[PDB]
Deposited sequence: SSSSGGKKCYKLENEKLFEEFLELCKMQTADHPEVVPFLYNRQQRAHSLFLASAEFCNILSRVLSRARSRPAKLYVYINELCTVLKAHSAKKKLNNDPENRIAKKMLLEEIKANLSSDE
């Protein structure tokens, strides 16, 4: 009897914005983190198990920050341990938009 989903999503971006600040130099990270999140099955992403993980992570990432990449990598495996295949208009209208963005640098 558990759905923590929104607390998890609030708690992901907790940690994610901790990364965007900290892994500045290697852009490949943050999308890779967002990746393992969305590839992971919805049951887990909404579970209470996940909530204690993002928490014990967020606590560690705050407690000792100089270790951030351990925590990231840890979360990336945890998210990897859960998974699935994925995937029309809202797919399209996103491609068209980020093209326009990149076109403007």
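Undergrad: In sequence order, what intervals of the deposited sequence carry no C-alpha positions?
TA: Residues lacking C-alpha coordinates: 1-6, 94-97, 116-119.
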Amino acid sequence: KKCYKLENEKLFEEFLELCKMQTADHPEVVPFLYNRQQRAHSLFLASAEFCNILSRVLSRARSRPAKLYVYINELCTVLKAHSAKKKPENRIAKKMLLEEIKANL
From here on, numbers count along this sequence of modelled residues.
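Undergrad: Which wins on mean Cα temperature factor, 43-51 or 26-34?
TA: Comparing 43-51 with 26-34, the higher mean C-alpha B-factor belongs to 43-51.
Undergrad: Going by the mean C-alpha B-factor recorded in the entry, which is higher: 78-86 or 14-22?
TA: Higher of the two, by average CA B-factor, is 78-86.
Undergrad: If you rank every modelled residue in this chain by C-alpha B factor, which third holds residue 101: lowest, middle or highest?
TA: For residue 101, the deposited C-alpha B-factor lands in the middle third.
Undergrad: Would the CA B-factor of residue 60 place it in the lowest, middle or highest third of its chain?
TA: Within its chain, residue 60 is a highest-third residue by C-alpha B-factor, going by the deposited values.
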